[PDB]
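Below, in structure tokens: the form deposited in one PDB entry, a single chain.
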């Protein structure tokens, strides 16, 4: 197998893997929806007890097995159907992650102008209900009209109408035809993606070089700008005020878990595919610690900047912080452009920011496509030779199925995918992974593999998390997601029940791949129930132990190792 170059394997190169479109695009609106401040505690908790242990586990498993997402379950076949699951999950993510890049690409085409289109009203897409904060002298409708989401701001008008053209659709039932601008943007995105995958894993490149310094620089500039804005202090106070009533709810914990899994990459097969090309002496412990710490710091500073910009916009518009902006996937494309417009030389900063989030999106999607391709090629060796045609077909299918999110009402389908395709499905997938690694495979064998790879055994904390803490918390979040499910709703649009049923069906498409595979493995195995179960719960390299009637899983000492 291939090996990552020394440029990407450097000690200071973990910062590149510690930022993602999720940390800059998903975290902001996920924290704003949960109030802010009350979301950091569940986020940090799931990071320290669930996110980082699963991160370390997936890294060690991918480094030891040298396999893809699904084939890494060569130690326990009954669980190979869960690998496919996360693979599909990753694919589902692409079905809308690439649509996001296209958005930024359009913003890039909107960034090479002296007057930014989101600065003021008066354009073609601007509706009569467009109130610019600097045009209070005219008072067409006033800076403050109503407080539900305030979608009448120039940035919101440019995003919903000038980019997505949501005004030409009333729901998910009448999305219509895809916009040709977004069509060309997604075409360029998938073209750049194809020629960035087709020759296998890229050990090092400009993509992984610019995503390590540009995101941090942009975030620092945005923080320095926001801390000196009028009204920004109010947003800071709203971000450092923890409402424990929100903690009493279950949605906050689900959002925190999903954001942790998106930022760290657990539950998509990216970590295993990445570790499959690492060295045998790579210290996954230090990598996991640094990744978790940098991700937590980045999320904290990003939420702080987002709330500062929200307070600034609330002061400029004379609206409440909870109703000044939306709570959808387009929150950053409304807060960040207006913040850049206030800085001196808005054109240059906007261009830099759009190049940055476009690069971050491309690296995030590449990683996902490479994980999917690596898994399917380790499953089918024909792909290891037909890489070019396989990547072409994967990108073409992703483009075809993403044509839905570049439609006039495509934001609804994008929210549906971001809520159901990678919602309870990824939680069930990582729960099955933890159960198959800590209970079926056993924590002792995993600790021995870690000791023979990195030279030390994990402490009691890591093993107790892998075996007891993380599986229990994953089961708990799955239960509170299934029982306490809330109907999916947009800023003001309410999804019909059939949309929720379609979302649940999409989630079950990935969820039931674990049971379906156990059935397939049981029927395809020749022998009695004992032999079938033994072949299903034992590694492929120890199937001879089935003949010797010596199975560790059939002993009480295996399940009580701890």
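Between two forms, the rigid core is the largest collection of C-alphas that superpose within 1.5 Å. Numbering follows the first chain given and starts at 1.
Only in words, not in the display: the form deposited in another entry, which the text now covers.
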property	result
Flagged residue of 468, 125, 380, 109 - C-alpha shift reaching 2 Å or more between the shown form and the other one, core superposed	125
Residue shift check between the shown form and the other one, rigid core fit, residue 308 Cα at least 2 Å	yes
Residue 486 C-alpha moves between the shown form and the other one by 2 Å or more, core aligned	yes
Core-aligned C-alpha movement of residue 259 between the shown form and the other one reaching 2 Å	yes
Note on residue 274-residue 10 C-alpha separation in that other deposited form, which departs from the shown form by 3 angstroms or more	closer
Outcome for the Cα pair residue 12, residue 271 in that other deposited form, compared with this form (closer or farther; change of 3 Å or more)	closer
